[PDB]
Amino acid sequence: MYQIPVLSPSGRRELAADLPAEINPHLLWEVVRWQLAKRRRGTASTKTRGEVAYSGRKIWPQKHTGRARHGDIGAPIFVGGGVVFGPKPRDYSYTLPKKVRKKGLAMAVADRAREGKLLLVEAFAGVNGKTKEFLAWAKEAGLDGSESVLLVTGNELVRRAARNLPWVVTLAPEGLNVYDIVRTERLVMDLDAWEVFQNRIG
Amino acid sequence: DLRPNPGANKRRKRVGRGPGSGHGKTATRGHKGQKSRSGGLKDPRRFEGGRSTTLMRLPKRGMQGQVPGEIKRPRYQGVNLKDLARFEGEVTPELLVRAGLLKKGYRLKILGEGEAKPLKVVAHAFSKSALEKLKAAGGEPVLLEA
Amino acid sequence: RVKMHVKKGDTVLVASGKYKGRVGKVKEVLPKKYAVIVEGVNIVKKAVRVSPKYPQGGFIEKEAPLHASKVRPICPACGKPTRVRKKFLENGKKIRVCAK
Amino acid sequence: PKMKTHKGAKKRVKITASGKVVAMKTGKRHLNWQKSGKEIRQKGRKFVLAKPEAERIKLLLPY
RNA sequence: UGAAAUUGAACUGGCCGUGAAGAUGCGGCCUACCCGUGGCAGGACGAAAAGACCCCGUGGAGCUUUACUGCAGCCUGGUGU
RNA sequence: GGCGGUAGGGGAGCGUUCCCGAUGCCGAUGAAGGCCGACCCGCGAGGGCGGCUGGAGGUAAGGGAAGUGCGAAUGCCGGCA
RNA sequence: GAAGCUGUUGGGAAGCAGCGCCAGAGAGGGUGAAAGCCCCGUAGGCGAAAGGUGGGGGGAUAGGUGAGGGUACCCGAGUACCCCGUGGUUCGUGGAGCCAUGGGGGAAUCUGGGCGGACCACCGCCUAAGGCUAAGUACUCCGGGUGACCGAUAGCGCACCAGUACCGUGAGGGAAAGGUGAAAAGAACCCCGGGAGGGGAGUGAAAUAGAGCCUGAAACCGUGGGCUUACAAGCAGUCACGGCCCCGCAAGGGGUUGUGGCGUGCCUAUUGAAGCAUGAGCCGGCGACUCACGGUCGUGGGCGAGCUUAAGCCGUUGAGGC
RNA sequence: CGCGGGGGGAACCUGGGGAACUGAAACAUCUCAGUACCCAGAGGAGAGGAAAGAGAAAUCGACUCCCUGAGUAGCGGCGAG
Ligand SMILES: [Mg+2]
Ligand SMILES: [Mg+2]
Ligand SMILES: [Mg+2]
Ligand SMILES: [Mg+2]
Ligand SMILES: [Mg+2]
Ligand SMILES: [Mg+2]
Ligand SMILES: [Mg+2]
Ligand SMILES: [Mg+2]
Ligand SMILES: [Mg+2]
Ligand SMILES: [Mg+2]
Ligand SMILES: [Mg+2]
Ligand SMILES: [Mg+2]
Ligand SMILES: [Mg+2]
Ligand SMILES: [Mg+2]
Ligand SMILES: [Mg+2]
Ligand SMILES: [Mg+2]
Ligand SMILES: [Mg+2]
Ligand SMILES: [Mg+2]
Ligand SMILES: [Mg+2]
Ligand SMILES: [Mg+2]
Ligand SMILES: [Mg+2]
Ligand SMILES: [Mg+2]
Ligand SMILES: [Mg+2]
Ligand SMILES: [Mg+2]
Ligand SMILES: [Mg+2]
Ligand SMILES: [Mg+2]
Ligand SMILES: [Mg+2]
Ligand SMILES: [Mg+2]
Ligand SMILES: [Mg+2]
Ligand SMILES: [Mg+2]
Ligand SMILES: [Mg+2]
Ligand SMILES: [Mg+2]
Ligand SMILES: [Mg+2]
Ligand SMILES: [Mg+2]
Ligand SMILES: [Mg+2]
Ligand SMILES: [Mg+2]
Ligand SMILES: [Mg+2]
Ligand SMILES: [Mg+2]
Ligand SMILES: [Mg+2]
Ligand SMILES: [Mg+2]
Ligand SMILES: [Mg+2]
Ligand SMILES: [Mg+2]
Ligand SMILES: [Mg+2]
Ligand SMILES: [Mg+2]
Ligand SMILES: [Mg+2]
Ligand SMILES: [Mg+2]
Ligand SMILES: [Mg+2]
Ligand SMILES: [Mg+2]
Ligand SMILES: [Mg+2]
Ligand SMILES: [Mg+2]
Ligand SMILES: [Mg+2]
Ligand SMILES: [Mg+2]
Ligand SMILES: [Mg+2]
Ligand SMILES: [Mg+2]
Ligand SMILES: [Mg+2]
Ligand SMILES: [Mg+2]
Ligand SMILES: [Mg+2]
Ligand SMILES: [Mg+2]
Ligand SMILES: [Mg+2]
Ligand SMILES: [Mg+2]
Ligand SMILES: [Mg+2]
Ligand SMILES: [Mg+2]
Ligand SMILES: [Mg+2]
Ligand SMILES: [Mg+2]
Ligand SMILES: [Mg+2]
Ligand SMILES: [Mg+2]
Ligand SMILES: [Mg+2]
Ligand SMILES: [Mg+2]
Ligand SMILES: [Mg+2]
Ligand SMILES: [Mg+2]
Ligand SMILES: [Mg+2]
Ligand SMILES: [Mg+2]
Ligand SMILES: [Mg+2]
Ligand SMILES: [Mg+2]
Ligand SMILES: [Mg+2]
Ligand SMILES: [Mg+2]
Ligand SMILES: [Mg+2]
Ligand SMILES: [Mg+2]
Ligand SMILES: [Mg+2]
Ligand SMILES: [Mg+2]
Ligand SMILES: [Mg+2]
Ligand SMILES: [Mg+2]
Ligand SMILES: [Mg+2]
Ligand SMILES: [Mg+2]
Ligand SMILES: [Mg+2]
Ligand SMILES: [Mg+2]
Ligand SMILES: [Mg+2]
Ligand SMILES: [Mg+2]
Ligand SMILES: [Mg+2]
Ligand SMILES: [Mg+2]
Ligand SMILES: [Mg+2]
Ligand SMILES: [Mg+2]
Ligand SMILES: [Mg+2]
Ligand SMILES: [Mg+2]
Ligand SMILES: [Mg+2]
Ligand SMILES: [Mg+2]
Ligand SMILES: [Mg+2]
Ligand SMILES: [Mg+2]
Ligand SMILES: [Mg+2]
Ligand SMILES: [Mg+2]
Ligand SMILES: [Mg+2]
Ligand SMILES: [Mg+2]
Ligand SMILES: [Mg+2]
Ligand SMILES: [Mg+2]
Ligand SMILES: [Mg+2]
Ligand SMILES: [Mg+2]
Ligand SMILES: [Mg+2]
Ligand SMILES: [Mg+2]
Ligand SMILES: [Mg+2]
Ligand SMILES: [Mg+2]
Ligand SMILES: [Mg+2]
Ligand SMILES: [Mg+2]
Ligand SMILES: [Mg+2]
Ligand SMILES: [Mg+2]
Ligand SMILES: [Mg+2]
Ligand SMILES: [Mg+2]
Ligand SMILES: [Mg+2]
Ligand SMILES: [Mg+2]
Ligand SMILES: [Mg+2]
Ligand SMILES: [Mg+2]
Ligand SMILES: [Mg+2]
Ligand SMILES: [Mg+2]
Ligand SMILES: [Mg+2]
Ligand SMILES: [Mg+2]
Ligand SMILES: [Mg+2]
Ligand SMILES: [Mg+2]
Ligand SMILES: [Mg+2]
Ligand SMILES: [Mg+2]
Ligand SMILES: [Mg+2]
Ligand SMILES: [Mg+2]
Ligand SMILES: [Mg+2]
Ligand SMILES: [Mg+2]
Ligand SMILES: [Mg+2]
Ligand SMILES: [Mg+2]
Ligand SMILES: [Mg+2]
Ligand SMILES: [Mg+2]
Ligand SMILES: [Mg+2]
Ligand SMILES: [Mg+2]
Ligand SMILES: [Mg+2]
Ligand SMILES: [Mg+2]
Ligand SMILES: [Mg+2]
Ligand SMILES: [Mg+2]
Ligand SMILES: [Mg+2]
Ligand SMILES: [Mg+2]
Ligand SMILES: [Mg+2]
Ligand SMILES: [Mg+2]
Ligand SMILES: [Mg+2]
Ligand SMILES: [Mg+2]
Ligand SMILES: [Mg+2]
Ligand SMILES: [Mg+2]
Ligand SMILES: [Mg+2]
Ligand SMILES: [Mg+2]
Ligand SMILES: [Mg+2]
Ligand SMILES: [Mg+2]
Ligand SMILES: [Mg+2]
Ligand SMILES: [Mg+2]
Ligand SMILES: [Mg+2]
Ligand SMILES: [Mg+2]
Ligand SMILES: [Mg+2]
Ligand SMILES: [Mg+2]
Ligand SMILES: [Mg+2]
Ligand SMILES: [Mg+2]
Ligand SMILES: [Mg+2]
Ligand SMILES: [Mg+2]
Ligand SMILES: [Mg+2]
Ligand SMILES: [Mg+2]
Ligand SMILES: [Mg+2]
Ligand SMILES: [Mg+2]
Ligand SMILES: [Mg+2]
């Protein structure tokens, strides 16, 4: 929806948004798949009847032998022989329409916001990469750890903080991906990062 | 919203048919049962039969080739004035190519149906009927030359 | 190379199983099989002996190898992890928060 | 990879703007000698071709 | 001491029918306790061999020749040497 | 009220291997698998429960990708008759 | 290279409980079983006397840079060009050019000479018959990283001392074969026995973990028991009745079969099979409709007179965007 | 007397030579294909490379490689390709 709870050193001023409302699960899904799809690296290999050390000679004359009938041992029906239709390496990715890419990211952030978890932040007293600081901030922020958080900030020091913290996941502003988003319970991002987010979709 | 329950909205269904099992599609494995069904048939579209294929037709299409290849002639992209009037201002090959119906084409020819709005239509070609609508309200910018 | 591990031949506590808590000085440490011999795991060998030379070999329940993961270095304070402080000229090792 | 347009077919048949297939009337060149004015005329124009049209389409596809 | 080919599973009888037209196995009827050792070779369309005969496949191969086409080789005009 | 059925087409589902679910959850008070069952649920393929073996793994709900279920191929490898 | 200690279950904790801690490290591996803090690592960070690599940074050297007029000296020869025979090209003789050249004729030096698909004109292009040239590209014997890659009939042929054993004159062909247990504590002594092997004792949580030993299925061989059978005729079962034996208080259920009823195996192939047509000894494991590109119809979703990006680039290290 | 060569290298590369099966539902042009293979040579690459080019734009401006152009132009017993 709209109105989002922005947190600052000056209190909890709740600004407004523009994100849509109608959350279409299927669409959201397609995107997520596309993600878990493009990362799928093809490495599974099975040397077919072709690439097998075995000779090319015929085992029996296939006549007046009393035996079955074959050529070389490279035949699949020769335990050890070439795989029949074994999967060879190949890409699993494609090109999901850009519109959808954004449409999802919108409905995504909009969903967790609509539920009431999109806490925009700014005041980061976490002077450096010292986890203690972060957990001390999150504590006074409303993040007792009972909810997995996606931390989107520009500062690389804030990374350090929740970087090791198990119940949280750091991420770049552009790193906004529909997977990790709909992969956590809470979403909390830097106001400045909410700006670049408004760039892709505002 | 959590990972669980995002799946296809009931209509993806990767229900790939398994042609061999014991029920549904068994021994023969999918529609077969006869012979010449193991490697592959002829084409068959356009091709087999054994006789003089339906390829009995005859090429009237002249200019059906030449050694030097293809001649270089001004390609004329026919554009309808109905879409032309949609946007108003100064319609030139520049505008129609940037967004419209030109696609790095060569020549532009306004014509067709619709009701030409009052504006300068800088085209390379004009239909006799197309020269009427725009002459009832507007100007007729012809092409270049050199 | 790199085989080097925790302690050596000194004062050690056993936090393993059948001899948990027990303390003892480690007399042997076999890097290959990554194990140390203290005074803990001491099982009985019935065997007379593999080499006929010297009649009686012993029904000895002698010291047995023990994984060098369950033994721990120690000092005045009982049971501490290892830290290394390059001295003023050499390379010595300090325990948790004390010397050597 | 990439269907290859059956040139032979294209050089002798062009597809309509709708979903039909058209070709020149057959038997007008060789056999000719003195066939009624009707013949040579009826053989001048073109025609539709029913089922096999669906086949020929499956050739000049990228076309 | 210790094989073999073979082997759907067997609780594996005769006759007259019968059946894809030559039944231990289906009908009717007649015989007929269970198990084996030695011997014969009529049946199990006995075993072995995806019939050598025959036909079919726009299969394969060797061979012939005034089948086609082509090559070596030989004859020959011009020509360079 | 329809519901014999081969070639066929169409529909629904079961199980197998891996993936997200997982920094989770089940698990030595016993994992996977093996053995038994006259119990339970399902039309079914299967699923569940109980005893026994076994000794360290296993993996819901909801989704995703396949080297995905064998009785035969004088099929292949092995073991035994 | 930060951070753990007590108790409890157990043969054994890392499980379970109590209180605490680090975290630029909660990747993974191990430790007697399921450990951020016990061990090896991880994040981050430090390092070379010798060798190799090394314009990325710097310096130096080689080489090279101007106008107008006249002269027209020079500008790649058995070459161009032409013809005969051919190769390359999309070009199969075709209106056949261009590039190359086997045979023959055989030239000029900018008023030169090739070319823009026969050929001519016109217009424009380009300087043949000497040579050199980084990068972007190919590959993977080799080292590393990762896997909706295999997990010993898989995966390389080979996890194991394998291109071995073995087969072939030879070229060449080419296997099978992994696992005790946390620890070897791998069984002292006694008993029978020539030995192998067992039996008792001792080890272990466990010895139907005792040594090609984890799990240990099937075919297959065997011992004990219950039921059954020597007047019987059969695709071996199925329906009923009865008797025997076995679980339950009962009703009931299970195992077995005496008698009666009914009854032509499976697969394939066929007009048609139990067929005296095919295939199968038996078991267990291996085994056959896929993948890429393009097309087509259906379908879910986005967007709509528009829809969509390709290579690649920036980013990351299982983030996307341009 | 000095400088160099010889030979080996999984794959990759240029050059010299170069099939047939197969397809055309026969087959001989055509196809497979400059593929397989042989031989020589090079190197971490090779090849190629500054125009006697391209081609219709009084346009580009070495070579190489990717996408595209395009299954287009065109080639073809105008068959298969
Ligand atoms: Mg091969
Ligand atoms: Mg081979
Ligand atoms: Mg070999
Ligand atoms: Mg072969
Ligand atoms: Mg071979
Ligand atoms: Mg072969
Ligand atoms: Mg061969
Ligand atoms: Mg035969
Ligand atoms: Mg294999
Ligand atoms: Mg193999
Ligand atoms: Mg294999
Ligand atoms: Mg793909
Ligand atoms: Mg696909
Ligand atoms: Mg696609
Ligand atoms: Mg994290
Ligand atoms: Mg919701
Ligand atoms: Mg719907
Ligand atoms: Mg059916
Ligand atoms: Mg079958
Ligand atoms: Mg068949
Ligand atoms: Mg037939
Ligand atoms: Mg075939
Ligand atoms: Mg014209
Ligand atoms: Mg013109
Ligand atoms: Mg309109
Ligand atoms: Mg203890
Ligand atoms: Mg006629
Ligand atoms: Mg006329
Ligand atoms: Mg037989
Ligand atoms: Mg048989
Ligand atoms: Mg009888
Ligand atoms: Mg009878
Ligand atoms: Mg006797
Ligand atoms: Mg006898
Ligand atoms: Mg005899
Ligand atoms: Mg006989
Ligand atoms: Mg035959
Ligand atoms: Mg023939
Ligand atoms: Mg022949
Ligand atoms: Mg000759
Ligand atoms: Mg029915
Ligand atoms: Mg019916
Ligand atoms: Mg069917
Ligand atoms: Mg299903
Ligand atoms: Mg959940
Ligand atoms: Mg994980
Ligand atoms: Mg499993
Ligand atoms: Mg189980
Ligand atoms: Mg069941
Ligand atoms: Mg249970
Ligand atoms: Mg047990
Ligand atoms: Mg169990
Ligand atoms: Mg899983
Ligand atoms: Mg398979
Ligand atoms: Mg079957
Ligand atoms: Mg079999
Ligand atoms: Mg046989
Ligand atoms: Mg056999
Ligand atoms: Mg066998
Ligand atoms: Mg260290
Ligand atoms: Mg440490
Ligand atoms: Mg305390
Ligand atoms: Mg737990
Ligand atoms: Mg130095
Ligand atoms: Mg050096
Ligand atoms: Mg450099
Ligand atoms: Mg300097
Ligand atoms: Mg200088
Ligand atoms: Mg100088
Ligand atoms: Mg100088
Ligand atoms: Mg100067
Ligand atoms: Mg100058
Ligand atoms: Mg002069
Ligand atoms: Mg010159
Ligand atoms: Mg010369
Ligand atoms: Mg000269
Ligand atoms: Mg010329
Ligand atoms: Mg010319
Ligand atoms: Mg010449
Ligand atoms: Mg002469
Ligand atoms: Mg001169
Ligand atoms: Mg030119
Ligand atoms: Mg010319
Ligand atoms: Mg011309
Ligand atoms: Mg002139
Ligand atoms: Mg030159
Ligand atoms: Mg590359
Ligand atoms: Mg490696
Ligand atoms: Mg490697
Ligand atoms: Mg696996
Ligand atoms: Mg596994
Ligand atoms: Mg193997
Ligand atoms: Mg041992
Ligand atoms: Mg003993
Ligand atoms: Mg013994
Ligand atoms: Mg003994
Ligand atoms: Mg003994
Ligand atoms: Mg024993
Ligand atoms: Mg057991
Ligand atoms: Mg055991
Ligand atoms: Mg034993
Ligand atoms: Mg041993
Ligand atoms: Mg043994
Ligand atoms: Mg065993
Ligand atoms: Mg084991
Ligand atoms: Mg074990
Ligand atoms: Mg057993
Ligand atoms: Mg055994
Ligand atoms: Mg017995
Ligand atoms: Mg008995
Ligand atoms: Mg018995
Ligand atoms: Mg009687
Ligand atoms: Mg009786
Ligand atoms: Mg009877
Ligand atoms: Mg009783
Ligand atoms: Mg009782
Ligand atoms: Mg009772
Ligand atoms: Mg009763
Ligand atoms: Mg009873
Ligand atoms: Mg009863
Ligand atoms: Mg009963
Ligand atoms: Mg029983
Ligand atoms: Mg009967
Ligand atoms: Mg047959
Ligand atoms: Mg027949
Ligand atoms: Mg039939
Ligand atoms: Mg029979
Ligand atoms: Mg039979
Ligand atoms: Mg027969
Ligand atoms: Mg037959
Ligand atoms: Mg047989
Ligand atoms: Mg046999
Ligand atoms: Mg056999
Ligand atoms: Mg057999
Ligand atoms: Mg089996
Ligand atoms: Mg089998
Ligand atoms: Mg399979
Ligand atoms: Mg399969
Ligand atoms: Mg497709
Ligand atoms: Mg169509
Ligand atoms: Mg469609
Ligand atoms: Mg579609
Ligand atoms: Mg729709
Ligand atoms: Mg649609
Ligand atoms: Mg709809
Ligand atoms: Mg739609
Ligand atoms: Mg819609
Ligand atoms: Mg990460
Ligand atoms: Mg992973
Ligand atoms: Mg000298
Ligand atoms: Mg030398
Ligand atoms: Mg050499
Ligand atoms: Mg060399
Ligand atoms: Mg090569
Ligand atoms: Mg070559
Ligand atoms: Mg052919
Ligand atoms: Mg023939
Ligand atoms: Mg041929
Ligand atoms: Mg040929
Ligand atoms: Mg060719
Ligand atoms: Mg060549
Ligand atoms: Mg060549
Ligand atoms: Mg060489
Ligand atoms: Mg080069
Ligand atoms: Mg060169
Ligand atoms: Mg041109
Ligand atoms: Mg590239
Ligand atoms: Mg291309
Ligand atoms: Mg023809």
# chains A, B, ... in the order shown; residues from 1 in each chain; ligands from 1
>>> closest_atom_pairs(of="chain E", to="ligand 30", cutoff="10 Å", atoms="only C-alpha atoms (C1' of nucleotides) and all ligand atoms", output="CSV")
residue,atom,partner,partner_atom_place_in_ligand_line,distance
E:6,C1',ligand 30,1 (Mg),8.4
E:7,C1',ligand 30,1 (Mg),6.7
E:8,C1',ligand 30,1 (Mg),7.6
>>> closest_atom_pairs(of="chain A", to="chain G", cutoff="6 Å", atoms="only C-alpha atoms (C1' of nucleotides)", output="JSON lines")
{"residue": "A:27", "atom": "CA", "partner": "G:301", "partner_atom": "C1'", "distance": 6.0}
{"residue": "A:39", "atom": "CA", "partner": "G:318", "partner_atom": "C1'", "distance": 5.9}
{"residue": "A:43", "atom": "CA", "partner": "G:149", "partner_atom": "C1'", "distance": 5.9}
{"residue": "A:44", "atom": "CA", "partner": "G:149", "partner_atom": "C1'", "distance": 4.2}
{"residue": "A:77", "atom": "CA", "partner": "G:287", "partner_atom": "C1'", "distance": 5.3}
{"residue": "A:79", "atom": "CA", "partner": "G:286", "partner_atom": "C1'", "distance": 4.9}
{"residue": "A:85", "atom": "CA", "partner": "G:290", "partner_atom": "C1'", "distance": 5.6}
{"residue": "A:100", "atom": "CA", "partner": "G:302", "partner_atom": "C1'", "distance": 5.7}
{"residue": "A:129", "atom": "CA", "partner": "G:24", "partner_atom": "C1'", "distance": 5.8}
{"residue": "A:160", "atom": "CA", "partner": "G:24", "partner_atom": "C1'", "distance": 5.3}
{"residue": "A:166", "atom": "CA", "partner": "G:26", "partner_atom": "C1'", "distance": 5.6}
{"residue": "A:175", "atom": "CA", "partner": "G:319", "partner_atom": "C1'", "distance": 4.2}
>>> interface_residues(of="chain D", to="chain H", cutoff="7 Å", atoms="only C-alpha atoms (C1' of nucleotides)", output="ChimeraX atom specification")
/D:2,4-5,8
>>> interface_residues(of="chain D", to="chain G", cutoff="8 Å", atoms="only C-alpha atoms (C1' of nucleotides)", output="ChimeraX atom specification")
/D:1-3,58,61
>>> write_last_selection(atoms="C-alpha atoms", output="tab-separated table (two decimals), in the first residue's frame")
chain	number	residue	atom	x	y	z
D	1	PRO	CA	18.92	-25.67	-35.65
D	2	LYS	CA	16.90	-23.01	-37.51
D	3	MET	CA	14.33	-24.38	-39.95
D	58	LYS	CA	5.59	-25.76	-42.51
D	61	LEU	CA	7.88	-20.53	-41.85
>>> residues_near_ligand(ligand="ligand 58", cutoff="12 Å", atoms="only C-alpha atoms (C1' of nucleotides) and all ligand atoms", output="VMD selection string")
(chain A and resid 66 to 68) or (chain E and resid 5 to 7) or (chain F and resid 74 to 75) or (chain G and resid 279 to 282)
>>> residues_near_ligand(ligand="ligand 49", cutoff="12 Å", atoms="only C-alpha atoms (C1' of nucleotides) and all ligand atoms", output="PyMOL selection string")
chain F and resi 37+39-42+44-49
>>> write_last_selection(atoms="C-alpha atoms (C1' of nucleotides)", output="PDB file, in the first residue's frame")
ATOM      1  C1'   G F  37       2.119 -58.534  10.580  1.00  0.00           C
ATOM      2  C1'   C F  39      -4.091 -53.640  12.790  1.00  0.00           C
ATOM      3  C1'   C F  40      -5.193 -48.402  10.280  1.00  0.00           C
ATOM      4  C1'   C F  41      -6.361 -45.087   5.795  1.00  0.00           C
ATOM      5  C1'   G F  42      -6.704 -45.108   0.240  1.00  0.00           C
ATOM      6  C1'   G F  44      -5.506 -47.991  -6.532  1.00  0.00           C
ATOM      7  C1'   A F  45      -0.261 -47.445  -7.171  1.00  0.00           C
ATOM      8  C1'   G F  46       0.975 -46.296  -2.051  1.00  0.00           C
ATOM      9  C1'   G F  47       0.715 -44.075   2.708  1.00  0.00           C
ATOM     10  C1'   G F  48       0.559 -45.034   8.281  1.00  0.00           C
ATOM     11  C1'   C F  49       1.136 -47.864  12.928  1.00  0.00           C
TER      12        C F  49
END
>>> closest_residue(among="B:27, B:8, B:134, B:41", to="chain H", atoms="only C-alpha atoms (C1' of nucleotides)")
B:41
>>> atom_distance(atom1="atom CA of residue C:69", atom2="atom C1' of residue G:27")
21.3 Å
>>> atom_distance(atom1="atom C1' of residue F:51", atom2="atom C1' of residue F:38")
14.6 Å
>>> closest_residue(among="A:117, A:103, A:69, A:38", to="chain B", atoms="only C-alpha atoms")
A:117
